[PDB]
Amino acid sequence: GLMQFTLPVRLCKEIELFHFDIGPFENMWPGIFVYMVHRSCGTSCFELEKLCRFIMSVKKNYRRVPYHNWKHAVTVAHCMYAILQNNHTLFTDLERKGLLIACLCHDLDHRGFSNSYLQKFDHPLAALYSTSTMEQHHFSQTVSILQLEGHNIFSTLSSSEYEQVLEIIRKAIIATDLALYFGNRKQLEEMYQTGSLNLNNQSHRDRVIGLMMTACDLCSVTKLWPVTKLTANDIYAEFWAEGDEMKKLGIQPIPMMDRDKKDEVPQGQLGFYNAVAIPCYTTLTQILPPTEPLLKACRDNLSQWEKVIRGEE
C-alpha cells in the first residue's frame, strides 16, 4: 500500500514521453512496469506479492529471440502507458488494468516465426488455431500463467468483472495480429469520417482498443532515429532466419525475409511506413488527439529512411 516505486530522475521524467527507451538493464524492467501500473492504475489495483510473481512468470515464458522478446513486451506496455496517461478520462478502471497486462503478455512464447511459416511448416498450433495462430497461443499462455498459484492478479474482481477483463485482454491480444489491423483501421477511418464513431458503443471501443494495440505493438517506429535504426536490425534478424527456414522447406521467401536481399531494406521500410505505420498513427491521432507525438516521431523516421536511400546515410 505505502510501498511506492520511484525511478531515477532522468527515467521519472523521460518515461512519461512516448519516445522513451526502457534501456539495456533487464533487471530494471519489472520495476519500470510496476511504476507504470501504480500511476496508470493506482497502488491498490494489484497485490504487489502477486503482480511481481506474475511479472516474473511472464518474463520466464518469453524466449531469447532477437526481437519478439521480454524487452518488446515491456516496450509495448510502456507505449500503452503513455497513451493512457495522455487520455486520462477516456478509459475505465478495468480497461487500464486489462490493457497494460494485455501488452506485457501479447507475444508470450513467440518463437520468431510469422503465422505464415507455422502454416507452411504445418506446426500443431496451426491445426489447433487456423487464423491469428500465434495470437490465440499468446492469450492461451496468459490464461495458463493467471491460473498458476499466487499469480491471479485479478482475484479481488467479481465473476463478471473478471470475465470483462479477460475479454478485454483476449480481444487486445488478438488485435496484435497485423492481418486484422487493415480492416480494423479502414472501419475506424470511415466511422470517424462519417461522424458515426461512438465510444459508448462497446463494438466501437473494441475497434479503438484494437488500433491502440497495433500502435503500441509497432511503437519501435516511433522512437528516436538511433533506437528505431538499431531495433530494425533485431526485427530483420528474425525475418532472415524465417526466410532461411522457408528455403529449408523448399519455398523462396518474400524479399523482406531473404537475407541475400539486404540492399532492398531501406525501400522495404518506405513501403512499410507508407502502407502500415503512418495510416495506423494517422487514424489513432484522429480518434485520440493527444497521441499526435507518435505520428510525428513515425514521420521523422520515414524522412530518415528516404535520406538513407539518397545515400545521405
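In this text, residue numbers run from 1 along the sequence as written. For the two forms, the rigid core is made up of the largest set of C-alpha atoms that agree within 1.5 Å on superposition.
- Choosing between 230 to 238 and 114 to 122, the greater Cα displacement from the shown form in 7 other deposited structures of this protein, fitted by the core, goes with 114 to 122.
- Two stretches, 243 to 251 and 31 to 39, are weighed by how far their CA atoms sit from the shown form in 7 other deposited structures of this protein after rigid core superposition; the farther one is 243 to 251.
- Here the stretch with the larger average CA B-factor, out of 123 to 131 and 157 to 165, is 157 to 165.
- Taking the mean C-alpha B-factor of each stretch as recorded, 45 to 53 and 277 to 285 are not equal, and the higher mean is that of 45 to 53.
- Residues shown: 137, 78, 96, 106. Highest C-alpha temperature factor in the entry: 96.
- Between the residues 65, 32, 58, 254, it is 254 that shows the highest Cα B-factor in the PDB record.
- Compared with the other modelled residues of the chain, the Cα B-factor recorded for residue 264 ranks in the highest third.
- Ranked against the other modelled residues of its chain, the C-alpha B-factor of residue 113 as given in the entry falls in the lowest third.
- When the modelled residues of the chain are ordered by C-alpha B-factor, residue 150 sits in the highest third.
- Residue-level temperature factors show residue 195 in the highest third of its chain, judged at the C-alpha atom.
- Ranked against the other modelled residues of its chain, the C-alpha B-factor of residue 189 as given in the entry falls in the highest third.
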